[PDB]
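The structure under discussion appears below in the form of structure tokens.
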Amino acid sequence: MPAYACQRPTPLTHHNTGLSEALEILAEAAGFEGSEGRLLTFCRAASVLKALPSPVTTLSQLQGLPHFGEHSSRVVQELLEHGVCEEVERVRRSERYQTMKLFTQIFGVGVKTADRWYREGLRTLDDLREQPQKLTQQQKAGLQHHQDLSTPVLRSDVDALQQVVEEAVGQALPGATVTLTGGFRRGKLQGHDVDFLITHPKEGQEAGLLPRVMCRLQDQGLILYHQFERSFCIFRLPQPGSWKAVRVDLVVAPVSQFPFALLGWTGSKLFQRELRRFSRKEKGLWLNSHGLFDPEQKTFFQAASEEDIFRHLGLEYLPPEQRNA
DNA sequence: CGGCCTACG
DNA sequence: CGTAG
DNA sequence: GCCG
Ligand SMILES: [Mn+2]
Ligand SMILES: [Mn+2]
Ligand SMILES: [Mn+2]
Ligand SMILES: [Mn+2]
Ligand SMILES: [Mn+2]
Ligand SMILES: [Mn+2]
Ligand SMILES: [Mn+2]
Ligand SMILES: [Mn+2]
Ligand SMILES: [Mn+2]
Ligand code: NA
């Protein structure tokens with residue numbers, strides 16, 4: 001088992017859901033308490049279990065696995081022996097965990113904001129709504145549309161959204177393209193949002209595109225919230241006789257950067273953090289959604305495909321459906 | 001000991 | 001700070 | 001929390 005998540009395939013369907021979900025609770029709780037390092041270890045340990053070929057049945061099967069130490073091993077041991085882990089159950093039932101989960105799921109609210117509200121005694125969405133001057137415009141939109149945004153986005157929604165985005169993009173710039181990214185490109189059947197990457201084959205023609213696309217969508221009445229090259233939107237998606245709010249991310253990249261943007265925006269989140277860590281720590285190259293930089297030569301790697309990027313980092317290529325770390 | 005991804009809005 | 005994967 |  002390789003130590004970095006970008007070194008191993010991780011399929012969407014795997015064999016250790018119970019164990020990985022428990023470790024991910026502890027990771028989320030670590031985040032709520034402000035420990036990104038513990039969050040990362042628990043995330044990495046959960047991800048190792050997703051890459052295994054079979055269910056873990058006995059603690060022996062963990063020996064030698066990366067990111068399993070005393071704490072993560074004890075969690076698995078309790079789950080294997082007893083079906084539950086006392087620490088996980090205590091976290092699950094705590095008012096702090098439940099409220100932090102409730103607040104951070106709001107679009108516009110992260111851990112630091114949620115933690116302040118918790119310390120101020122707030123506990124419910126109705127508490128937040130009763131104090132609206134304490135909200136940014138982004139948070140007001142997230143709260144306004146919270147019910148819809150909690151409803152899974154389905155493939156039929158993706159297809160309808162891709163059609164309307166393609167229509168606006170084509171009106172704004174002939175020849176521009178729209179690529180579905182995010183979890184749906186990795187094969188997920190559902191999601192919390194839909195992610196799209198927009199480019200044009202002639203370098204530079206995409207300058208100024210995203211404001212033109214947004215203007216065209218807003219004039220068709222499709223935009224409930226927005227506000228460049230990244231737009232984190234809420235769309236008014238038509239449904240039979242009605243509509244529902246859906247989170248949509250729109251990203252524009254020049255074609256020179258498209259493989260890097262496609263790689264970054266396809267995820268998973270852990271896969272990309274691990275890939276960027278690997279690049280810098282193991283290869284001495286700096287990776288982001290714009291490029292891959294050699295800081296000694298002060299040059300950027302020219303990539304035509306995601307495969308090119310994997311090759312330049314010395315990694316076996318993984319298709320999107322194996323990046324579900 | 002000290003790192004832990006790296007951007008844009 | 002929030003967002004993103 | 002784990003590891004370089
Ligand atoms: Mn399998
Ligand atoms: Mn411990
Ligand atoms: Mn026991
Ligand atoms: Mn997404
Ligand atoms: Mn998104
Ligand atoms: Mn840019
Ligand atoms: Mn330390
Ligand atoms: Mn994400
Ligand atoms: Mn520690
Ligand atoms: Na949030």
Side-chain angles (χ1 to χ4, degrees), chain A residues 3-6 23-24 26-27 29-31 33-48 62 64-69 71-75 87 103-111 113-117 135-136 138-142 149 179-186 188 191-197 210-211 214 225-226 228-234 247-253 257 260-282 285-293 306 320 323-325:
Chain A
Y4 287 88
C6 54
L23 292 168
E24 286 176 338
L26 299 185
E33 302 313 291
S35 176
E36 189 80 358
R38 292 192 293 117
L39 174 151
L40 268 175
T41 282
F42 285 131
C43 284
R44 288 167 179 162
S47 184
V48 162
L62 298 185
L65 290 179
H67 306 297
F68 278 85
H71 197 141
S72 303
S73 293
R74 167 178 91 253
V75 171
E87 186 189 4
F103 288 170
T104 57
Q105 292 178 329
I106 302 161
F107 175 68
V109 179
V111 169
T113 299
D115 168 71
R116 181 173 73 251
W117 290 345
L135 301 173
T136 66
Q138 184 183 61
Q139 290 159 355
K140 286 171 162 146
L149 299 194
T179 301
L180 178 65
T181 64
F184 287 104
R185 182 171 182 249
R186 303 199 304 279
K188 285 179 78 181
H192 100 287
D193 82 339
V194 192
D195 308 291
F196 294 109
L197 176 60
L210 191 48
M214 297 302 316
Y225 167 86
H226 77 122
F228 42 103
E229 50 196 54
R230 303 171 184 184
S231 281
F232 315 118
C233 305
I234 303 177
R247 278 274 297 110
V248 179
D249 290 336
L250 304 180
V251 185
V252 173
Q257 298 174 14
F260 302 95
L262 180 59
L263 177 62
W265 284 85
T266 297
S268 71
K269 173 181 176 155
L270 180 61
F271 190 96
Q272 291 303 310
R273 302 167 78 139
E274 292 275 288
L275 184 63
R276 292 175 185 196
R277 191 169 64 97
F278 178 89
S279 175
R280 183 186 288 267
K281 303 299 191 182
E282 303 302 325
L285 303 173
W286 303 349
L287 177 68
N288 66 14
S289 77
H290 288 59
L292 178 61
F293 185 70
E306 294 179 313
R323 303 183 200 158
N324 287 293

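Naming: A, B, ... by sequence-line order, numbering from 1 per chain.
Comparing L210(A) and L40(A) by the nucleotide of DNA chain B whose heavy atom lies nearest to each, the residue mapping closer to the 5' end is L40(A).
Residue-level contact check: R185(A) touches neither bases nor backbone, having no heavy atom under 4.0 Å from any strand. At a threshold of 4.0 angstrom between heavy atoms, the contacts of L23(A) with the nucleic acid are absent.
By the side chain to side chain contact (heavy atoms under 4.5 Å, CB included) test, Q272(A) pairs with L263(A), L275(A), sequence neighbours left out. Every residue two or more places apart in sequence or in another chain was checked for a ring-ring contact (aromatic ring centres under 6.0 Å, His included) with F260(A), and none qualifies.
Between the P atoms of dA7(B) and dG1(D), the separation comes to 29 Å (whole Å).
A ring-centre distance under 6.0 Å is found for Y225(A) and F107(A).
Closest approach to the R247(A) side chain among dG5(C), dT3(C), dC4(B) is made by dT3(C) (side chain taken as heavy atoms from C-beta onward). Nearest nucleotide to the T113(A) side chain, out of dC1(C), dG1(D), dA7(B): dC1(C).
For the residue pair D249(A) and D195(A), the shortest heavy atom distance occurs at OD2-OD1, 3.1 Å.
Nucleotide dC1(B) carries a south sugar pucker, as its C1'-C2'-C3'-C4' torsion angle is negative.
The residues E87(A) and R74(A) are annotated as salt-bridged, a charged nitrogen and a carboxylate oxygen being separated by less than 4.0 angstrom.
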Enumerate the protein-to-nucleotides 1-3 of chain B contacts in which both atoms are nitrogen or oxygen and the separation is below 3.5 Å.
none

